[PDB]
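Okay, coords-v7.tsv is below, TSV, C-alpha atoms:
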```tsv
chain	number	residue	atom	x	y	z
A	2	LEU	CA	-43.12	-39.08	-43.38
A	3	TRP	CA	-42.61	-36.95	-40.26
A	4	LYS	CA	-39.68	-34.51	-40.22
A	5	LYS	CA	-40.11	-33.63	-36.54
A	6	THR	CA	-40.18	-35.82	-33.44
A	7	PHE	CA	-43.28	-35.52	-31.27
A	8	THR	CA	-45.46	-37.08	-28.58
A	9	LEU	CA	-49.25	-37.11	-28.25
A	10	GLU	CA	-48.92	-35.46	-24.86
A	11	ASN	CA	-46.91	-32.55	-26.23
A	12	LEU	CA	-49.13	-32.10	-29.29
A	13	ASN	CA	-52.23	-31.88	-27.10
A	14	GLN	CA	-50.40	-29.47	-24.82
A	15	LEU	CA	-49.61	-27.39	-27.92
A	16	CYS	CA	-53.31	-27.32	-28.84
A	17	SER	CA	-54.45	-26.45	-25.31
A	18	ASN	CA	-56.47	-23.31	-24.59
A	19	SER	CA	-57.56	-22.82	-28.21
A	20	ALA	CA	-60.46	-23.68	-30.50
A	21	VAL	CA	-59.09	-27.24	-30.59
A	22	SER	CA	-59.37	-27.80	-26.84
A	23	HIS	CA	-62.63	-25.85	-26.80
A	24	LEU	CA	-64.27	-28.34	-29.17
A	25	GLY	CA	-63.00	-31.26	-27.09
A	26	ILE	CA	-60.60	-32.31	-29.84
A	27	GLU	CA	-57.80	-34.64	-28.79
A	28	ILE	CA	-54.85	-35.74	-30.92
A	29	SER	CA	-55.40	-39.48	-30.37
A	30	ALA	CA	-53.01	-41.57	-32.47
A	31	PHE	CA	-50.54	-41.70	-35.34
A	32	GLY	CA	-48.91	-44.13	-37.71
A	33	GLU	CA	-45.92	-43.74	-40.01
A	34	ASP	CA	-47.91	-41.82	-42.62
A	35	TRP	CA	-51.06	-40.72	-40.82
A	36	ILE	CA	-52.29	-39.03	-37.67
A	37	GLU	CA	-55.72	-38.93	-36.02
A	38	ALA	CA	-57.72	-36.75	-33.65
A	39	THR	CA	-61.05	-37.51	-31.99
A	40	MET	CA	-63.90	-35.20	-31.13
A	41	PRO	CA	-67.03	-35.88	-29.07
A	42	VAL	CA	-70.53	-35.53	-30.45
A	43	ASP	CA	-72.38	-33.61	-27.74
A	44	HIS	CA	-73.92	-30.17	-27.14
A	45	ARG	CA	-70.58	-28.49	-27.84
A	46	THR	CA	-70.39	-29.95	-31.33
A	47	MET	CA	-73.99	-30.69	-32.33
A	48	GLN	CA	-76.58	-28.79	-34.32
A	49	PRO	CA	-79.65	-27.70	-32.33
A	50	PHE	CA	-81.60	-30.81	-33.34
A	51	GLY	CA	-79.21	-33.47	-32.05
A	52	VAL	CA	-76.70	-34.36	-34.76
A	53	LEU	CA	-73.02	-33.53	-35.29
A	54	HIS	CA	-72.57	-30.03	-36.77
A	55	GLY	CA	-71.05	-30.37	-40.24
A	56	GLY	CA	-69.26	-27.06	-39.85
A	57	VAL	CA	-67.59	-28.33	-36.70
A	58	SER	CA	-66.59	-31.50	-38.57
A	59	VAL	CA	-64.69	-29.26	-40.97
A	60	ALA	CA	-63.04	-27.53	-38.01
A	61	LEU	CA	-61.78	-30.95	-36.91
A	62	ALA	CA	-60.54	-31.72	-40.43
A	63	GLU	CA	-58.59	-28.46	-40.72
A	64	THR	CA	-57.11	-28.97	-37.26
A	65	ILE	CA	-55.74	-32.46	-37.82
A	66	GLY	CA	-54.68	-31.74	-41.39
A	67	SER	CA	-52.81	-28.57	-40.45
A	68	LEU	CA	-51.11	-30.31	-37.53
A	69	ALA	CA	-50.04	-33.15	-39.80
A	70	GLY	CA	-48.63	-30.70	-42.33
A	71	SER	CA	-46.60	-28.89	-39.67
A	72	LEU	CA	-45.05	-32.19	-38.60
A	73	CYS	CA	-43.82	-32.83	-42.15
A	74	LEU	CA	-41.59	-29.77	-42.29
A	75	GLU	CA	-38.06	-29.13	-41.02
A	76	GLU	CA	-37.07	-26.32	-38.64
A	77	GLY	CA	-38.11	-22.76	-39.39
A	78	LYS	CA	-41.08	-24.05	-41.37
A	79	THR	CA	-44.83	-24.02	-40.77
A	80	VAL	CA	-48.13	-24.21	-42.62
A	81	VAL	CA	-51.04	-21.82	-43.08
A	82	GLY	CA	-54.47	-22.96	-44.23
A	83	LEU	CA	-55.25	-21.71	-47.73
A	84	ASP	CA	-58.51	-23.49	-48.46
A	85	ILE	CA	-60.57	-26.51	-47.56
A	86	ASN	CA	-63.57	-28.44	-48.81
A	87	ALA	CA	-65.69	-31.27	-47.44
A	88	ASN	CA	-68.64	-33.53	-48.15
A	89	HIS	CA	-70.96	-34.56	-45.32
A	90	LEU	CA	-71.88	-38.21	-45.88
A	91	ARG	CA	-74.05	-39.13	-42.91
A	92	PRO	CA	-75.47	-37.77	-39.65
A	93	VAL	CA	-73.82	-38.72	-36.36
A	94	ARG	CA	-75.87	-38.73	-33.16
A	95	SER	CA	-73.50	-39.95	-30.43
A	96	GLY	CA	-70.08	-41.14	-29.35
A	97	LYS	CA	-67.00	-39.52	-30.81
A	98	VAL	CA	-65.75	-39.24	-34.37
A	99	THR	CA	-62.17	-39.84	-35.47
A	100	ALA	CA	-60.50	-37.78	-38.19
A	101	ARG	CA	-57.49	-39.28	-39.94
A	102	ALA	CA	-55.16	-37.12	-42.02
A	103	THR	CA	-53.04	-38.64	-44.79
A	104	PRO	CA	-50.87	-36.71	-47.29
A	105	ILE	CA	-51.85	-36.36	-50.93
A	106	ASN	CA	-48.94	-34.22	-52.09
A	107	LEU	CA	-46.22	-32.47	-50.08
A	108	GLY	CA	-44.62	-29.72	-52.13
A	109	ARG	CA	-42.04	-27.03	-51.51
A	110	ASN	CA	-44.68	-24.30	-51.31
A	111	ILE	CA	-47.99	-26.15	-51.18
A	112	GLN	CA	-49.21	-29.23	-49.30
A	113	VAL	CA	-52.47	-31.05	-50.00
A	114	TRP	CA	-53.99	-33.30	-47.33
A	115	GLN	CA	-56.88	-35.74	-47.22
A	116	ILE	CA	-59.01	-36.05	-44.08
A	117	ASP	CA	-61.43	-38.93	-43.57
A	118	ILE	CA	-63.70	-38.72	-40.51
A	119	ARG	CA	-65.39	-41.87	-39.21
A	120	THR	CA	-67.93	-42.72	-36.51
A	121	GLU	CA	-67.34	-44.99	-33.52
A	122	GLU	CA	-68.78	-47.75	-35.75
A	123	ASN	CA	-66.05	-47.02	-38.31
A	124	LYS	CA	-68.42	-45.54	-40.90
A	125	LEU	CA	-67.35	-42.51	-42.97
A	126	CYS	CA	-69.38	-39.44	-42.05
A	127	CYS	CA	-67.25	-36.72	-43.67
A	128	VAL	CA	-64.43	-36.45	-46.19
A	129	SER	CA	-62.35	-33.34	-46.77
A	130	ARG	CA	-59.34	-32.06	-48.70
A	131	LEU	CA	-57.13	-29.30	-47.27
A	132	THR	CA	-54.67	-27.04	-49.08
A	133	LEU	CA	-51.82	-25.54	-47.06
A	134	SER	CA	-49.21	-22.92	-47.87
A	135	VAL	CA	-45.66	-23.51	-46.64
A	136	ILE	CA	-43.86	-20.43	-45.31
A	137	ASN	CA	-40.68	-19.51	-43.43
A	138	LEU	CA	-41.75	-18.35	-39.97
```
Write-out of the structure in structure tokens:
Amino acid sequence: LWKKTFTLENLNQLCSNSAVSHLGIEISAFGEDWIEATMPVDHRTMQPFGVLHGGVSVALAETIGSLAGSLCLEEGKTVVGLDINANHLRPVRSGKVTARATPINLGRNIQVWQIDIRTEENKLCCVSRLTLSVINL
């Protein structure tokens, strides 16, 4: 559960003028134990032949997962990406995809997050697991 209070407006403002904003990523929604971000599938995020770039899908997964992790810490605490993995399940040709981050294990020094990315038709196109280090900033 979240340890910090936040608003979608402020989170997006926090991600402005960075790789996140550059890829058209928008923190779109959250629940009590999950948070999502959407990303469009267009020339900024597609491979040269017209389908969502799998590498960019991973960029979305690390973004939402890292953000989620940072919201689960108290003051004077932040996360740093240690490693990440993903499986590309199906090609996406249009619309926007939505990546949802849910916690797997939140430890004192390490956090592990799951990220499921779905198409506008609610079909899973990518699944990823992210490992974060917790450090005193």
Per residue of segment 23-49 of chain A within 12 Å of segment 121-130 of chain A, which atom pair is closest and at what distance in Å (one decimal), using all atoms listed in the file, listed by chain and increasing number, as CSV?
```
residue,atom,partner,partner_atom,distance
A:39,CA,A:121,CA,9.9
A:40,CA,A:121,CA,10.6
A:41,CA,A:121,CA,10.1
A:42,CA,A:121,CA,10.4
```
Query raised in the report: What is the atom CA of residue 55 of chain A to atom CA of residue 68 of chain A distance in Å?
Result: 20.1 Å
Query raised in the report: Taking into account all atoms listed in the file, which residue in the set A:73, A:99, A:108, A:82 is nearest to residue 131 of chain A?
Result: A:82
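One finds atom CA of residue 116 of chain A at 4.5 Å from atom CA of residue 102 of chain A.
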Requested in this report: Kindly indicate which residue among A:70, A:32, A:92, A:77 lies nearest to residue 105 of chain A, using only C-alpha atoms for the distances.
Outcome: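 Of the candidates, the smallest distance to residue 105 of chain A is held by A:70.
What separates atom CA of residue 76 of chain A from atom CA of residue 17 of chain A is a distance of 21.9 Å.
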What are the centre and the three edge lengths of an axis-aligned box that wraps all atoms of segment 61-78 of chain A in the file, given that 8 Å is added to every side, written as lines of an AutoDock Vina configuration file and rounded to one decimal in Å?
```
center_x = -49.4
center_y = -28.0
center_z = -39.6
size_x = 40.7
size_y = 26.4
size_z = 21.4
```
Requested in this report: Would you please work out which residue, of A:93, A:72, A:16, A:135, is nearest to residue 54 of chain A when using all atoms listed in the file?
Outcome: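 Looking only at the distances to residue 54 of chain A, the closest residue turns out to be A:93.
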